[PDB]
Amino acid sequence: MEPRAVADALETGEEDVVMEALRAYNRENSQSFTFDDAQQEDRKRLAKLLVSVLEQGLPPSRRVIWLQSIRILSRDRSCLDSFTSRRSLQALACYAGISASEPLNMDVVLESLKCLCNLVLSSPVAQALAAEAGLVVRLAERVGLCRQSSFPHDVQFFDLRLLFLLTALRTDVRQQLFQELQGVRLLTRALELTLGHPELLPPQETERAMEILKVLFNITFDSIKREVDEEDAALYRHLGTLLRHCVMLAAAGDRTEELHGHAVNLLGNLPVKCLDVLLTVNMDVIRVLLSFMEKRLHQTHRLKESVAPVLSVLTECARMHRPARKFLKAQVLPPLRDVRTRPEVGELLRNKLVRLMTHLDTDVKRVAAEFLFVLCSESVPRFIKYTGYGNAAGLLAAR
């Protein structure tokens with residue numbers, strides 16, 4: 001019932017009573033991540049006892065109830081440091097099957113992955129220990145299996161989430177997954193196998209694909225040089241074809257906008273040349289991207305992170321393709337009939353973009369200015385006529 005009671009049971013208790021106490025605690029606290037700051041010493045003692053039992057070795061019959069219990073104690077930042085040790089993380093990686101050093105229960109694997117993700121997300125010591133242990137190698141191996149791997153959606157999704165956490169918090173793990181393991185091709189293959197040409201995407205496949213896109217965004221944004229080779233170019237073109245399929249794909253559960261957002265954020269980091277696959281008149285992909293941008297313009301709090309990647313992608317598309325530039329100019333800047341209305345007055349797309357040119361974020365200002373500049377075929381008088389001096393001064397002073 002109480003943490004001190006369970007800790008005293010685990011200290012002085014037989015085989016059945018400790019398991020019954022942990023079972024009753026897990027059943028009654030499976031929906032509780034917060035704890036009162038009064039039983040903190042008892043919780044720390046229980047956590048240290050559980051860590052001592054974990055480093056010693058758990059019996060194969062008593063793991064699911066144990067790890068889950070640990071998960072309940074992983075929800076406490078005070079007890080968090082009691083679990084973050086090299087021996088404890090080695091035991092967790094061995095129970096998760098990701099240690100470099102036997103049958104496997106999928107519930108055990110899932111609970112171990114949940115505990116590892118909770119520790120890495122909450123402890124820099126835990127994320128550094130995971131970086132030192134090199135769990136990313138075996139994680140990438142298990143993910144790249146994919147074909148003969150009949151692992152459940154929970155295990156796959158939490159492997160992807162652990163990869164996301166490791167590549168977001170540890171730059172060394174991020175670079176090791178990109179350069180040494182060549183994780184770009186592995187994740188591209190995993191995304192291609194996750195998509196299969198189905199009309200709708202299931203919820204499990206949608207979650208897994210969004211996690212793959214997040215990991216790709218974490219590993220590909222500052223690791224690609226300006227000039228690439230033929231193999232990397234072909235791999236990025238295949239990834240761009242997959243992302244174009246995603247943009248033209250709808251996801252179930254009303255997650256299609258989130259999936260398109262993740263795919264566009266991933267597109268925003270690819271080499272500009274590799275954007276040639278967005279066109280292979282036939283501007284359906286560009287129309288979907290423009291509609292996505294027009295819908296994302298309604299965001300005000302997260303406006304930058306919402307519309308910067310799509311605006312950059314459309315800017316690079318209009319810069320590298322004359323037909324795409326003409327199409328975007330015809331769809332955004334039509335020939336003006338009545339020139340009495342100011343560019344900063346109105347609720348049209350042009351007026352919204354002009355108001356965004358005076359946003360509080362200089363990055364948003366410059367991105368919108370460059371986008372509207374490459375739409376006017378890089379014509380200074382046309383850009384000043386469509387936008388106005390009060391809005392184009394930021395771009396004019398930048399160059």
# chains A, B, ... in the order shown; residues from 1 in each chain; ligands from 1
$ residues_around --residues "residue 240 (chain A)" --least-positions-apart "4" --cutoff "10 Å" --atoms "only C-alpha atoms" --output "list in words"
residues 188, 234, 235, 236, 244, 245, 246, 263, 266, 267, 270, 274, 275, 276, 277 and 278 of chain A
$ write_last_selection --atoms "N, CA, C and O atoms" --output "compact mmCIF listing (two decimals), in the first residue's frame"
# COMPACT_ATOMS: atom_id res chain seq x y z
N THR A 188 15.89 5.22 -44.06
CA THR A 188 15.16 5.34 -45.32
C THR A 188 14.53 4.01 -45.72
O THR A 188 13.37 3.97 -46.15
N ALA A 234 21.82 9.82 -54.57
CA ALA A 234 20.78 8.85 -54.90
C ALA A 234 19.99 8.43 -53.66
O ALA A 234 18.76 8.27 -53.73
N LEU A 235 20.67 8.25 -52.53
CA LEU A 235 19.97 7.91 -51.30
C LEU A 235 19.03 9.03 -50.87
O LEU A 235 17.88 8.78 -50.48
N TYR A 236 19.49 10.28 -50.95
CA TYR A 236 18.63 11.41 -50.61
C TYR A 236 17.48 11.57 -51.60
O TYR A 236 16.40 12.00 -51.22
N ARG A 244 7.82 12.58 -50.64
CA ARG A 244 6.78 13.02 -51.56
C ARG A 244 5.57 12.10 -51.48
O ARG A 244 4.42 12.56 -51.51
N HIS A 245 5.81 10.79 -51.40
CA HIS A 245 4.72 9.85 -51.19
C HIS A 245 4.00 10.13 -49.88
O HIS A 245 2.77 10.05 -49.81
N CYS A 246 4.75 10.47 -48.83
CA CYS A 246 4.14 10.80 -47.55
C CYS A 246 3.28 12.06 -47.65
O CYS A 246 2.17 12.11 -47.10
N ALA A 263 7.37 15.39 -42.25
CA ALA A 263 8.00 15.13 -43.54
C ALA A 263 8.58 16.40 -44.14
O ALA A 263 9.67 16.38 -44.72
N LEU A 266 11.72 17.34 -42.33
CA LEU A 266 12.83 16.52 -42.82
C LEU A 266 13.29 16.98 -44.19
O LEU A 266 14.49 16.98 -44.49
N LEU A 267 12.35 17.39 -45.05
CA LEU A 267 12.72 17.90 -46.37
C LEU A 267 13.54 19.18 -46.27
O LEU A 267 14.40 19.43 -47.12
N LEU A 270 17.36 18.47 -46.37
CA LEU A 270 17.99 17.76 -47.47
C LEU A 270 18.71 18.73 -48.39
O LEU A 270 18.39 19.92 -48.43
N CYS A 274 18.70 17.69 -54.27
CA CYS A 274 17.86 16.52 -54.04
C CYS A 274 16.38 16.85 -54.02
O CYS A 274 15.55 15.93 -53.99
N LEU A 275 16.01 18.14 -54.03
CA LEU A 275 14.61 18.52 -54.13
C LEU A 275 14.06 18.36 -55.54
O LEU A 275 12.88 18.66 -55.76
N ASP A 276 14.87 17.89 -56.50
CA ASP A 276 14.38 17.69 -57.86
C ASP A 276 13.30 16.61 -57.93
O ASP A 276 12.52 16.59 -58.89
N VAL A 277 13.24 15.72 -56.94
CA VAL A 277 12.24 14.65 -56.94
C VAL A 277 10.85 15.14 -56.57
O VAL A 277 9.87 14.40 -56.75
N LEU A 278 10.72 16.37 -56.05
CA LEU A 278 9.42 16.93 -55.74
C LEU A 278 8.61 17.28 -56.98
O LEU A 278 7.43 17.60 -56.86
$ residues_around --residues "residue 258 (chain A)" --least-positions-apart "2" --cutoff "12 Å" --atoms "only C-alpha atoms" --output "list in words"
residues 206, 207, 209, 210, 211, 213, 214, 246, 247, 249, 250, 251, 252, 253, 254, 255, 256, 260, 261, 262, 263, 264, 265, 292, 295, 296 and 306 of chain A
$ residues_around --residues "residue 330 (chain A)" --least-positions-apart "6" --cutoff "12 Å" --atoms "only C-alpha atoms" --output "VMD selection string"
chain A and resid 287 318 323 to 324 336 350 375 to 377
$ write_last_selection --atoms "C-alpha atoms" --output "PDB file, in the first residue's frame"
ATOM      1  CA  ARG A 287      -0.141  22.395 -54.373  1.00  0.00           C
ATOM      2  CA  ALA A 318      11.135  28.171 -56.886  1.00  0.00           C
ATOM      3  CA  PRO A 323       8.040  26.295 -63.950  1.00  0.00           C
ATOM      4  CA  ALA A 324       7.600  25.859 -60.192  1.00  0.00           C
ATOM      5  CA  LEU A 336      -3.192  43.190 -59.548  1.00  0.00           C
ATOM      6  CA  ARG A 350      -0.382  38.127 -49.811  1.00  0.00           C
ATOM      7  CA  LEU A 375       8.721  34.174 -56.465  1.00  0.00           C
ATOM      8  CA  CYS A 376       9.140  37.468 -58.359  1.00  0.00           C
ATOM      9  CA  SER A 377      11.913  35.848 -60.462  1.00  0.00           C
TER      10      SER A 377
END
$ residues_around --residues "residue 27 (chain A)" --least-positions-apart "4" --cutoff "10 Å" --atoms "only C-alpha atoms" --output "list in words"
residues 21, 22, 23, 31, 65 and 69 of chain A
$ residues_around --residues "residue 165 (chain A)" --least-positions-apart "4" --cutoff "8 Å" --atoms "only C-alpha atoms" --output "PyMOL selection string"
chain A and resi 117+120-121+161+169
$ residues_around --residues "residue 395 (chain A)" --least-positions-apart "6" --cutoff "9 Å" --atoms "only C-alpha atoms" --output "JSON, numbers by chain"
{"A": [365, 366, 369, 370, 373]}
$ select_by_dssp --residues "region 159-377 of chain A" --states "helix (DSSP H, G or I)" --output "ChimeraX atom specification"
/A:159-169,171-180,183-195,203-219,230-247,252-254,256-267,273-278,284-296,303-320,322-332,349-356,362-375
$ closest_residue --among "A:229, A:316, A:28, A:192" --to "residue 272 (chain A)" --atoms "only C-alpha atoms"
A:316
$ closest_residue --among "A:338, A:175, A:390, A:60" --to "residue 222 (chain A)" --atoms "only C-alpha atoms"
A:175
$ select_by_dssp --residues "region 179-314 of chain A" --states "strand (DSSP E)" --output "ChimeraX atom specification"
/A:200-201,250-251
$ closest_residue --among "A:313, A:51, A:216, A:279" --to "residue 293 (chain A)" --atoms "only C-alpha atoms"
A:313
$ atom_distance --atom1 "CA of residue 166 (chain A)" --atom2 "CA of residue 181 (chain A)"
14.5 Å
$ atom_distance --atom1 "CA of residue 361 (chain A)" --atom2 "CA of residue 349 (chain A)"
19.0 Å
$ residues_around --residues "residue 334 (chain A)" --least-positions-apart "5" --cutoff "10 Å" --atoms "only C-alpha atoms" --output "ChimeraX atom specification"
/A:328-329,350,386
$ decode --residues "region 240-270 of chain A" --atoms "N, CA and C atoms" --output "JSON list (two decimals), in the first residue's frame"
[["chain", "number", "residue", "atom", "x", "y", "z"],
["A", 240, "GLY", "N", 13.67, 11.49, -50.66],
["A", 240, "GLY", "CA", 12.76, 12.53, -51.11],
["A", 240, "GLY", "C", 11.55, 11.99, -51.84],
["A", 241, "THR", "N", 11.72, 10.90, -52.59],
["A", 241, "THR", "CA", 10.58, 10.23, -53.20],
["A", 241, "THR", "C", 9.65, 9.66, -52.13],
["A", 242, "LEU", "N", 10.23, 9.06, -51.09],
["A", 242, "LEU", "CA", 9.41, 8.56, -49.98],
["A", 242, "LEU", "C", 8.68, 9.69, -49.28],
["A", 243, "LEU", "N", 9.35, 10.83, -49.09],
["A", 243, "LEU", "CA", 8.71, 11.97, -48.44],
["A", 243, "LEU", "C", 7.63, 12.59, -49.32],
["A", 244, "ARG", "N", 7.82, 12.58, -50.64],
["A", 244, "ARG", "CA", 6.78, 13.02, -51.56],
["A", 244, "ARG", "C", 5.57, 12.10, -51.48],
["A", 245, "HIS", "N", 5.81, 10.79, -51.40],
["A", 245, "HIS", "CA", 4.72, 9.85, -51.19],
["A", 245, "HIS", "C", 4.00, 10.13, -49.88],
["A", 246, "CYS", "N", 4.75, 10.47, -48.83],
["A", 246, "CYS", "CA", 4.14, 10.80, -47.55],
["A", 246, "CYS", "C", 3.28, 12.06, -47.65],
["A", 247, "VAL", "N", 3.79, 13.09, -48.33],
["A", 247, "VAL", "CA", 3.04, 14.34, -48.46],
["A", 247, "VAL", "C", 1.74, 14.10, -49.22],
["A", 248, "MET", "N", 1.77, 13.23, -50.23],
["A", 248, "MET", "CA", 0.57, 12.86, -50.96],
["A", 248, "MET", "C", -0.23, 11.76, -50.26],
["A", 249, "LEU", "N", 0.23, 11.30, -49.10],
["A", 249, "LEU", "CA", -0.45, 10.25, -48.34],
["A", 249, "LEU", "C", -1.23, 10.86, -47.18],
["A", 250, "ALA", "N", -2.35, 10.23, -46.86],
["A", 250, "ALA", "CA", -3.18, 10.63, -45.73],
["A", 250, "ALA", "C", -3.03, 9.61, -44.61],
["A", 251, "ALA", "N", -2.95, 10.11, -43.38],
["A", 251, "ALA", "CA", -2.79, 9.28, -42.19],
["A", 251, "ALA", "C", -4.10, 9.22, -41.42],
["A", 252, "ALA", "N", -4.43, 8.04, -40.90],
["A", 252, "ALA", "CA", -5.65, 7.87, -40.14],
["A", 252, "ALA", "C", -5.54, 8.56, -38.78],
["A", 253, "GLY", "N", -6.69, 8.72, -38.13],
["A", 253, "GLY", "CA", -6.72, 9.37, -36.84],
["A", 253, "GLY", "C", -6.48, 10.86, -36.86],
["A", 254, "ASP", "N", -6.65, 11.50, -38.02],
["A", 254, "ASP", "CA", -6.46, 12.94, -38.17],
["A", 254, "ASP", "C", -5.04, 13.36, -37.77],
["A", 255, "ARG", "N", -4.06, 12.53, -38.12],
["A", 255, "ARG", "CA", -2.66, 12.84, -37.91],
["A", 255, "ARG", "C", -1.95, 13.17, -39.22],
["A", 256, "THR", "N", -2.70, 13.38, -40.30],
["A", 256, "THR", "CA", -2.08, 13.64, -41.60],
["A", 256, "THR", "C", -1.34, 14.97, -41.60],
["A", 257, "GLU", "N", -1.87, 15.98, -40.90],
["A", 257, "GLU", "CA", -1.18, 17.26, -40.83],
["A", 257, "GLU", "C", 0.13, 17.15, -40.06],
["A", 258, "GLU", "N", 0.13, 16.39, -38.96],
["A", 258, "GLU", "CA", 1.36, 16.19, -38.20],
["A", 258, "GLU", "C", 2.39, 15.40, -39.01],
["A", 259, "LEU", "N", 1.93, 14.37, -39.74],
["A", 259, "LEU", "CA", 2.85, 13.61, -40.58],
["A", 259, "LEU", "C", 3.43, 14.48, -41.69],
["A", 260, "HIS", "N", 2.60, 15.31, -42.32],
["A", 260, "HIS", "CA", 3.10, 16.22, -43.34],
["A", 260, "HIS", "C", 4.08, 17.23, -42.75],
["A", 261, "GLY", "N", 3.81, 17.70, -41.53],
["A", 261, "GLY", "CA", 4.73, 18.62, -40.89],
["A", 261, "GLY", "C", 6.09, 17.99, -40.64],
["A", 262, "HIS", "N", 6.10, 16.76, -40.13],
["A", 262, "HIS", "CA", 7.36, 16.07, -39.90],
["A", 262, "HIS", "C", 8.10, 15.80, -41.21],
["A", 263, "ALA", "N", 7.37, 15.39, -42.25],
["A", 263, "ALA", "CA", 8.00, 15.13, -43.54],
["A", 263, "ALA", "C", 8.58, 16.40, -44.14],
["A", 264, "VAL", "N", 7.88, 17.53, -43.99],
["A", 264, "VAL", "CA", 8.38, 18.79, -44.52],
["A", 264, "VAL", "C", 9.59, 19.27, -43.73],
["A", 265, "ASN", "N", 9.57, 19.09, -42.40],
["A", 265, "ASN", "CA", 10.73, 19.45, -41.60],
["A", 265, "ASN", "C", 11.94, 18.62, -41.99],
["A", 266, "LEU", "N", 11.72, 17.34, -42.33],
["A", 266, "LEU", "CA", 12.83, 16.52, -42.82],
["A", 266, "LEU", "C", 13.29, 16.98, -44.19],
["A", 267, "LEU", "N", 12.35, 17.39, -45.05],
["A", 267, "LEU", "CA", 12.72, 17.90, -46.37],
["A", 267, "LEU", "C", 13.54, 19.18, -46.27],
["A", 268, "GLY", "N", 13.28, 20.00, -45.25],
["A", 268, "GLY", "CA", 13.97, 21.26, -45.10],
["A", 268, "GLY", "C", 15.46, 21.15, -44.83],
["A", 269, "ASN", "N", 15.95, 19.95, -44.52],
["A", 269, "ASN", "CA", 17.37, 19.74, -44.27],
["A", 269, "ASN", "C", 18.09, 19.02, -45.40],
["A", 270, "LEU", "N", 17.36, 18.47, -46.37],
["A", 270, "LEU", "CA", 17.99, 17.76, -47.47],
["A", 270, "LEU", "C", 18.71, 18.73, -48.39]]
